[PDB]
């Protein structure tokens, strides 16, 4: 009694080719303020700025001039992944028994 | 009684090729303010700045001039991953028994 | 009774090729303010700056001129990973029994 | 009764090729303000600056001129990882029994 | 009853090739303000500067001119890892029994 | 927001009387050959006798005479638990505010 | 936000009386051949006798005469637990505010 | 934010009376051949006798006469636990504020 | 933020009475052949006798006469635990504020 | 932020009475052949006798006559633990503020 996963049993001349969570020619960008955090009975005053900010608690005037460019953000480019003859493979198996 | 995973049993002439969490030609950028943090009965006043900031608690004037460029963020480029004949493989198995 | 993982049992002439968390031609950049931190009954006033900042608690004037460029952030470039004939492989196995 | 992982049992003429957390041609850059820290009943006033800052607790004027360039951040470039014929391999196994 | 990991049992003519946490042609740069620190009932006023800073507790004026370039950060370049015929391998095993 | 169990919240003049897995005047007898055992790939030839036994692997004659009494087993007697005025209580609470 | 168990919150003049796994006037007898044992790849030939036994591996005759009494087993008697006025209590709480 | 167990919070004039795994007037008898044992790759030939035994590996005759009494086993008697006025208590708490 | 167990917080005039694993008038008898033992790659031939035994490896005759009494076992008697007025208490707390 | 156990915090006029693993009027008898032993690659031939034994490796006759009494075992008696007015207490606390 075989109990299995992502594989074989019996099967003389058996090939198991397993790719799991595999990346090839991959452009991953992640911008994350809070990933996997736990707050138990806490009291915070967090603040995050990407770009230009003019922060004050108590003030009288606040001027924020943007005459230029404020470019921000998460960017991911995957270009010309396979150019030419090329080959990208994942979990490739075979049995050749030519005569 | 075989209990298994990502593999084989019996199968004379058996090949197991397993790729797990494999990267090839991969551009990963991560910008993360808080990953995996725990706060138990704490009291914080955190602050993070990416770019230009003009921070004050008590003030009277605040001027933030951006006549130029403020470029920020998470960027990932994967370009020309396989140029030419090329070969990227993961978890490749085979049995050749040619006569 | 075999209990296994990422492998084989029985299978005369068996090959196990396992790649786990493998990187090849990989550009990983990580910018992280807090990774895996624990705060138990603490009281902090943290502050992080990437770029230009003008910080004060008590002040009267605050001017932040950016006439130039403020470039910041997490960048990862993977370019021309395999140029030419080339070969990148992970977890490659085979049995050759040619006659 | 065999209990195993990333390997084989029985299998006369067996090859186990295991790569775990392997890097080849990898450009990893990490910029991290706090990794794996513990605060138990503590009281801190931390501050980190990457770039230009103008910090004061009590002041009257604060001018921050950036007429030039303030370039900062975490960068990772993996270029031309395999140029030419080339070969990068991880966890490569085989059995050759040619006649 | 064999209990093992990253290896084989039985298997006359057996090869075990194991690479764990191996680096080849790897450019790793780490810039970390605090890695693995513990604070138990402590009271600190830490401050770290990468670049230009103008710090004061009590002051009246603060001018920070950047007419030039302030370049900072964590950089890692892996270029032309395998140029030419070349060979990088990790955890390579085989059995050859040619006749 | 109170999240609780086997108790109260608010309720000025509150009594919580909790008895859990409490025994009073209890006769517990347990006769158990195997409680909470684990066998992983083992090979045993166990044998337990309560009373009279005549055990042999290889023999020619076997006579077992019981002219008397063979009394065995698990017995538990709880008699006259509360004789007389008596009092057995568990998890008893009250508020008395008589005028 | 109170998260609790077997107790109270708020409740001026609060009593918490908790009895857990408490025994009073309890007769517990346990006869157990194997409690909480682990066998990993072992090979045993255990044997336990309570009473009379006539054990042999290789023999020719075996006579077991029981003309008397063989009394065995697990016995637990709890008799006259509370005789007379008496008092057995567990987890008893109260608030008395008589005027 | 209170996180607790077997107790109280707030509750001016609070009493916590906690009895855990408490015995009073308790007769516990335990007869156990093996409690909490571990066998890793071992080979034993254990044998335990309570009473009369006639053990041999190789023999020719075996006679076991029991003309008398063989009394064995685990016994626990709890008798007259509270005789008379008496008092057994566990985890008893109260607040008395009589006027 | 209070995180506690078997106790109280706030609660002016607070009493914590905690009894854990307490015995009073307790008769505990334990007869155990093996408690908490570890066998790693060992080979034993243990043997324990409580009562009468007639042990041999190689023999020709074996006679075991029991004309008398063989009394054995684990016994625990708790009798007249509280005789008379008496008092047994565990984890008793109170607040008395009578006027 | 108080993190505690078996005690109190705040609570002016606070009493903590803690009894842990306390015995009073307790009769504990333990008969144990092996408690807490470790065997690593050892080879033993242990043997324990409580009572009468007739042990031989190689013999021809073996007679074991028990015309008398063989009394053995683990016995524990706790009798008349509190006779008379009496008092046994454990973890008793109180606050008395009578007017």
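Between chain B and chain J, with a rotation axis joining them, whose C-beta in B is nearest that axis, and what is the whole-Å distance?
B:38, 17
Residue G:85 to residue J:35: FRET efficiency via 1/(1 + (r/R0)^6), r the Cβ-Cβ distance, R0 35 Å, to the nearest 0.05? It would help to have the intermediate numbers written out before the result.
Values: r = 43 Å, r/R0 = 1.23.
So the FRET efficiency works out to roughly 0.25.
Once you've got the GNM for chain E with C-alpha springs shorter than 10 Å, pick whichever of E:44, E:72, E:54 has the biggest mean-square fluctuation.
Among E:44, E:72, E:54, the largest mean-square fluctuation in the Gaussian network model of chain E belongs to E:44.
In the stretch D:26-63, whose amide N lies under 11 Å from the spot 7 Å out along Cα-to-Cβ of residue E:56? List them in ranges.
D:55-63
Go ahead and run the numbers for FRET between residue I:12 and residue A:64, Cβ-Cβ distance against an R0 of 51 Å, rounding to 0.05. Don't skip to the end; give the middle numbers.
Details: r = 53 Å, r/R0 = 1.04.
So, using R0 = 51 Å, E works out to roughly 0.45.
Give the whole-number value, in cubic angstrom per residue, of the convex hull volume spanned by the C-alpha atoms of the protein assembly as shown. Don't skip to the answer; put the middle values down first.
Working: hull volume 204.3 nm³, N = 990.
Per residue, the Cα convex hull of the protein assembly as shown comes to 206 Å³.
Where is the GNM fluctuation largest for chain D (alpha-carbon springs, 10 angstrom cutoff): D:63, D:77, D:40?
D:40
If you average 1/r across every pair of different Cα atoms in the stretch J:59-99 and take the reciprocal, what Kirkwood value do you get, in Å? Write out the running numbers ahead of the final one.
Working: mean 1/r = 0.0568 Å⁻¹.
Averaging 1/r across every pair of different Cα atoms and inverting gives 17.6 Å.
Given Cα pairs under 8 Å that are at least 6 residues apart, what percent is the relative contact order of chain C?
Values: 45 pairs, mean separation 43.5, N = 99.
In percent, rounded to a whole number, it is 44.
Within the stretch F:72-99, which residues have the backbone N less than 18 Å from the label spot 7 Å out from residue I:98 along Cα→beta-carbon, could you tell me?
Residues F:96-99 qualify, since their backbone N sits under 18 Å from the label point.
Give me the compactness ratio for chain E, meaning the Cα radius of gyration over 2.2 N^0.38 Å.
Numbers: Rg = 26.8 Å, N = 99, 2.2 N^0.38 = 12.6 Å.
Normalised Cα radius of gyration, chain E: 2.13.
Bear in mind these aren't lab numbers, they're just calculated from the coordinates by the rules spelled out. Note: ideal-geometry Cβ built from the backbone for every residue, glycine included; neighbour counts use all protein chains shown.
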